[PDB]
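Engineer: Any chance you could fold what I've pasted below:
(chains A, B, C and D, ligands or ions: 4)
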Amino acid sequence: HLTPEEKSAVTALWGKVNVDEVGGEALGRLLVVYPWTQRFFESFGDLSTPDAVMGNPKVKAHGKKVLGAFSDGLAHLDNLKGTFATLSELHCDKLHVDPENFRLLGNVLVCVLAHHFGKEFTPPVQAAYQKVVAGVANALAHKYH
Amino acid sequence: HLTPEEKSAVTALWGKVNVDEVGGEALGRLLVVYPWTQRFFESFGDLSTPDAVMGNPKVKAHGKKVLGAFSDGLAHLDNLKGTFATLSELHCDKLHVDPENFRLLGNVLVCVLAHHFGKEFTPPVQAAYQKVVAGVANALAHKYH
Amino acid sequence: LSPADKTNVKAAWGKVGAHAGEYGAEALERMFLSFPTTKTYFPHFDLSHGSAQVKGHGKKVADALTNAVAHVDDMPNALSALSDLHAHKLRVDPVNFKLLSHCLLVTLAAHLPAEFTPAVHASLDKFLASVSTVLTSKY
Amino acid sequence: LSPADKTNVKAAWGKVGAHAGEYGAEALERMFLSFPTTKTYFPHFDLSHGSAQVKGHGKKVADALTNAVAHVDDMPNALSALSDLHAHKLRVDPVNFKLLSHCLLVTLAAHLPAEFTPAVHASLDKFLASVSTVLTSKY
Ligand code: HEM
Ligand code: HEM
Ligand code: HEM
Ligand code: HEM
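Structural biologist: Residues are numbered from 1 along each chain as shown, chains lettered A, B, ... in the order given. Ligands and ions are numbered 1, 2, ... in the order given. Sure, structure below:
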């Protein structure tokens, strides 16, 4: 549940997000920091070193898709459960991804946003984005509930 | 969701559960094994040693209450969310209990049932009871979702 | 851990004795039944009830736990090859180690009532968590 | 904690320098804003923006982290008093340490772009988890 000011701040910061690199950066950092998540991405080629992970075009292409899904969720903050129904089905029934990894990826994305925006990523903006990523993770984990 | 076989097994095992000591044992073992949970029960008196915890009349009475709530949830397996609405409000918006402790207490209760029933607590019965305690914990943590 | 934890764990696991392989197989069966998502790590395994593959894997896990008990103060060095396996090759999610530890605790509670006191339960929980974090150390 | 992790952590926290207290206060503010349930551990604190109490607590936490970096191989012995506090007297829920570690990582990312590479991020995450489990090891 975001207040109108939190929503305005979130949508103002998201408008300046590079949609071609932020998702790839978040996915690569997830793979580097929690390398058991690499088990889900063996078909992505070389993942042995952090440089190879962040240089992987498949990781960049997938991160772009994940960032697009996050943008879709951000455009539907009041219908997150219905927005992520098919993605929840895919991630739970088909891929067997533990729901703690959703929270991990959301926190990695928060860290990536902080890294890119620096001082303008204020604590109130981060709190609103934590609300957003918690909602997204909860919506994606619904099929386990 | 539980199959009719799982429901019958769970009901048959729960009919033999001693409602005066099982909840107290579960609460005491939760306090002993996860001693940060003692922060929520500082008005119960002496909790300095495991024997003092297991011999605490306040802990025994509160465990009786918790076991009664578990029996209430077991009598309504398709409406756990509505059965635990006020308890969820109390535990989240009033007590600020982190939802991981709900899963911890459910697993402690499963261990207590295994301890009491021995070979009667077969792996299928345990799987059904894990489903039950996961549902109860999810229903109790609804206010955080 | 603590000296008291080490003493309790040593005594409790000594009381396991020659039933270690049976207890490990039963804990594996309990984990597969209660948490079917753990089954995805064993796609080449026959995972039905009474399976000899599950029996052998349970014997191996029990022997590893016995070695960890024997080397409780040098567990990271004693479990280096197992941690290498589980973290590099297998890439097991850490949540699965919590699930297996819970199933081991359930098996111990259902087979050793007198030994499974609250203090022994706490010590076994701590020991299994230490083993799990050693086996996930390489990540 | 591999030796590579220790090498990465020392340089990254060295470039923190004299901004450690400000970074700790900012991480505390971020934790209080994002996770208001953590505020229940500080009922006697003035927790508004710019609070001198929060500033002093942030300086203390930053100094503790600096000591932990200086004693990375002997952290459990170096943090015995803090572990005693946080586990016996405070008995803080261990999820709060994950929350504070995440807020520290966010502050470091927002203040040191060049230093916050993915490898340094992984090393800092592992170091903060080790500090957290040391501070909760007394349970
Ligand atoms: C937390 C928020 C997440 C979002 C919004 C998200 C989004 C997506 C999207 C949009 C797809 C592509 C679906 C399609 O093309 O039809 C996908 C697939 C996938 N996701 Fe995620 N994801 C998330 C978390 C995760 C995590 C944490 C993991 C693993 C640890 C993961 C593993 C995968 C994999 C392996 C695929 C490939 C599925 C396939 O190729 O069929 N996801 N996800
Ligand atoms: C997981 C399943 C749980 C169930 C079914 C349950 C059930 C209950 C019940 C029936 C009450 C009494 C409510 C009343 O008398 O009005 C209660 C209160 C309480 N619960 Fe739980 N509980 C659970 C978990 C926990 C956990 C894990 C903790 C702490 C770590 C906790 C802390 C408390 C406290 C401190 C109270 C007393 C507060 C008050 O009465 O105002 N509960 N719970
Ligand atoms: C209590 C902690 C655990 C211990 C002590 C343990 C011990 C072992 C041992 C001794 C082996 C055999 C290695 C060899 O042949 O030399 C093994 C293999 C394996 N373990 Fe574990 N393990 C543990 C937890 C887990 C968990 C939680 C999973 C995942 C659900 C897992 C999955 C595997 C797999 C997939 C293999 C390889 C099986 C094969 O190909 O034969 N282990 N483990
Ligand atoms: C890396 C993690 C942490 C470090 C390094 C740390 C360090 C410290 C230090 C140095 C002190 C002051 C000790 C003294 O003055 O003698 C302290 C006190 C305290 N800490 Fe932490 N801490 C951490 C995590 C946490 C978390 C996550 C919480 C709660 C959510 C917490 C709650 C407290 C409280 C309530 C006090 C007492 C403050 C007072 O009474 O004035 N700590 N901690």
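Engineer: hey, let's count contacts and neighbours off CA atoms from now on
Structural biologist: Fine.
Engineer: Please name the nearest non-neighbouring residue to residue C:68.
Structural biologist: In this structure, residue C:68 finds its nearest non-sequential neighbour in residue C:75, 5.8 Å apart by Cα to Cα, 6 or more residues apart in numbering or on different chains.
Engineer: my guess is that neighbour contacts residue C:134, does it?
Structural biologist: Yes: counting by Cα atoms under 8 Å, residue C:134 is a contact partner of residue C:75 at 7.3 Å.
Engineer: Between the two, tell me which one has more neighbours.
Structural biologist: Per other Cα atoms under 10 Å in any protein chain shown, whichever of residue C:75 and residue C:134 has more neighbours is residue C:134, with 20 against 17.
Engineer: Tell me the residues of chain A that contact ligand 1?
Structural biologist: Residues of chain A that fall close to ligand 1, judged by Cα under 6 Å from any ligand atom: A:37, A:40-41, A:65-66, A:69-70, A:97, A:101-102, A:105-106, A:137.
Engineer: Show me those residues that map onto helices.
Structural biologist: A:65-66, A:69-70, A:101-102, A:105-106, A:137 (DSSP state H).
Engineer: ok so, going back, nearest to chain D, of the residues of chain A next to ligand 1?
Structural biologist: Nearest to chain D among those, counting by Cα to the nearest Cα, is residue A:106 at 11.1 Å.
Engineer: Kindly report the residues of chain C close to chain A.
Structural biologist: Counting by Cα under 8 Å from any Cα of the partner chain, chain C comes close to chain A at C:37, C:87, C:90-93, C:139.
Engineer: How many residues are close by residue C:77?
Structural biologist: Using other Cα under 10 Å, residue C:77 has 12 other residues around it.
Engineer: if I look at the nearest residue in space to residue C:120 that is not next to it in sequence, how far off is ligand 2?
Structural biologist: In space, and not counting its chain neighbours, residue C:120 is closest to residue C:8: 5.7 Å by Cα to Cα, 6+ apart. Noted for residue C:8: a distance of 25 Å to ligand 2, by Cα to the nearest ligand atom, to the nearest Å.
Engineer: Isn't residue C:8 up against residue C:121?
Structural biologist: No: the criterion here is Cα under 8 Å, and residue C:8 misses it with residue C:121 at 9.0 Å.
Engineer: Quick check, the residue in chain A closest to chain C?
Structural biologist: Residue nearest to chain C within chain A: residue A:36 (4.6 Å; Cα to the nearest Cα).
Engineer: Report the spatially closest residue to that residue, excluding sequence-adjacent ones.
Structural biologist: Nearest to residue A:36 is residue C:91, by Cα to Cα, 6+ apart, at 4.6 Å.
Engineer: Then residue A:34?
Structural biologist: Per Cα to Cα, 6+ apart, closest to residue A:34 is residue C:139, 6.9 Å.
Engineer: Kindly report the same for residue A:117.
Structural biologist: Closest to residue A:117 by Cα to Cα, 6+ apart is residue D:110, at 7.0 Å.
Engineer: Residue numbers of chain C in contact with chain D?
Structural biologist: Within chain C, the positions adjacent to chain D are C:1, C:137-138 by Cα under 8 Å from any Cα.
Engineer: and the closest residue to ligand 3 within chain A, how far is that from chain D?
Structural biologist: For chain A, the residue closest to ligand 3 is residue A:36, as judged by Cα to the nearest ligand atom, at 11.8 Å. Using Cα to the nearest Cα, to the nearest Å, we find residue A:36 at a distance of 13 Å from chain D.
Engineer: what number of residues lie near that residue?
Structural biologist: The burial count for residue A:36: 23, using other Cα under 10 Å.
Engineer: which residues does it contact?
Structural biologist: C:87, C:91-93, C:139 (Cα atoms under 8 Å, 6 or more residues apart in numbering or on different chains).
Engineer: hmm, back to that, now, among the ones in helices among the residues of chain A next to ligand 1, which is nearest to ligand 4?
Structural biologist: Nearest to ligand 4 among those is residue A:106, at 19.7 Å by Cα to the nearest ligand atom.
Engineer: That closest one contacts residue A:129, correct?
Structural biologist: No: using Cα under 8 Å, residue A:106 makes no contact with residue A:129, being 9.2 Å away.
Engineer: contacting residues for the residue of chain C found nearest chain A?
Structural biologist: Nearest residue of chain C to chain A, counting by Cα to the nearest Cα: residue C:91, 4.6 Å away. Listed by Cα under 8 Å, 6+ apart, the contact partners of residue C:91 are A:35-39.
Engineer: secondary structure class for it?
Structural biologist: With DSSP: H, G, I helix; E, B strand; the rest coil as the basis, residue C:91 sits in coil.
Engineer: Tell me which two in the ones in helices among the residues of chain A next to ligand 1 are the farthest apart.
Structural biologist: Across those, the longest distance by Cα to Cα is 17.1 Å; it joins A:65 and A:101.
Engineer: Now for the residue nearest to residue C:68: which residues touch it?
Structural biologist: Applying Cα under 8 Å, 6+ apart, one finds that residue C:75 lies in contact with C:68, C:131, C:134.
Engineer: And the residue of chain A at minimum distance from ligand 2, how close does it get to residue B:40?
Structural biologist: Residue of chain A nearest ligand 2, by Cα to the nearest ligand atom: residue A:145 (15.5 Å). According to Cα to Cα, to the nearest Å, residue A:145 stands 26 Å off from residue B:40.
Engineer: next one: residue C:35
Structural biologist: With Cα to Cα as the criterion, residue C:35 and residue B:40 are 30 Å apart.
Engineer: okay but residue A:108 is in contact with residue A:31, surely?
Structural biologist: No: under the criterion of Cα under 8 Å, residue A:108 makes no contact with residue A:31, lying 10.1 Å away.
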